[PDB]
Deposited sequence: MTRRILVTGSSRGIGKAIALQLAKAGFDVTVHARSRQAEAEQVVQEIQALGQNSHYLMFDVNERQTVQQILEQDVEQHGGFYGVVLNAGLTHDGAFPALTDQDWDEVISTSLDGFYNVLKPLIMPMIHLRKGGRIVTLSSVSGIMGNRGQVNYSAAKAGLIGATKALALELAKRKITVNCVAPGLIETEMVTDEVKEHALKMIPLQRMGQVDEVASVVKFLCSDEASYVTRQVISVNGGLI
């Protein structure tokens, strides 16, 4: 059974992605950085849906640790057919007010996390000889920029550049590589949503997960190199 890894799937959008993929019939490996009990709960819910699941715990920034965990996981359970890079991080503030840690942790969590998670997994995916699916989670801010988020905008835009480049490299292997860029998602804010978003509301996590689930499906086999915005018309 084809297996998909979803980073940051203990709660929020990542959890909703993991559950939709399980309902689609994929085996789903859960992941979290520190919330082991939440990850275990999602694992139980996936197993209740009739699919195999377990969790892995790592900070996507710990390069050598992520490699050891993923290589051991692929040896024990086979290569991943799909990977969803969902875990991200914000440290908001005006650009001259950002600290070094504000900047570095935000950039690396996205861009080093891309390298650290996917580099060990590309050849095991290719070796399944059945195509594959990679989906990254960016943001409206990675497309357009946002005040107080020069670091987050850079990180999520860089994720887009990496995703499009990787799509070109993996296309001949029938592996599609796409990005989903959510808008404002519910995880006086309702008044801002009423005023600024054409649909007049924040998105729900399943409205994002549905797009990821579609891209991971066999039906989406001619969609690659794309950034798909799920943002209620914001841009």
Which parts of the deposited sequence lack C-alpha coordinates in this model? Number from residue 1, please.
1, 189-193
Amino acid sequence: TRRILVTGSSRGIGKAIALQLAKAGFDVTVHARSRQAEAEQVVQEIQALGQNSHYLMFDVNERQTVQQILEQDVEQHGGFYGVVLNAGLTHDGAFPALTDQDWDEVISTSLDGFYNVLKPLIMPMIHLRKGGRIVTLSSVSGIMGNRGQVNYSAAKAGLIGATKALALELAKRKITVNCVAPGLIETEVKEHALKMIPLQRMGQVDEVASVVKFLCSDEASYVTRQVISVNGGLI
From here on, numbers count along this sequence of modelled residues.
Averaging the C-alpha temperature factors as deposited, the higher value of 85-93 versus 153-161 falls on 85-93
Please compare 22-30 with 47-55 and name the stretch with the higher mean C-alpha B-factor in the deposited structure.
47-55
Which one, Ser210, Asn178, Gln200, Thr187, has the peak C-alpha temperature factor per the PDB entry?
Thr187
In this crystal structure's PDB entry, the residue among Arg147, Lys130, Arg133, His77 with the greatest CA B factor is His77
Third of the chain, ranked by Cα B-factor, where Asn231 sits
lowest
Considering every modelled residue of the chain and its Cα B-factor in the PDB entry, is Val205 in the lowest, middle or highest third?
middle
Compare the C-alpha B factor of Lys15 with those of the other modelled residues in its chain, then answer lowest, middle or highest third.
middle
If you rank every modelled residue in this chain by C-alpha B factor, which third holds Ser108: lowest, middle or highest?
middle
Quick tally, chain-level thirds of C-alpha B-factors: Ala171 sits in the middle
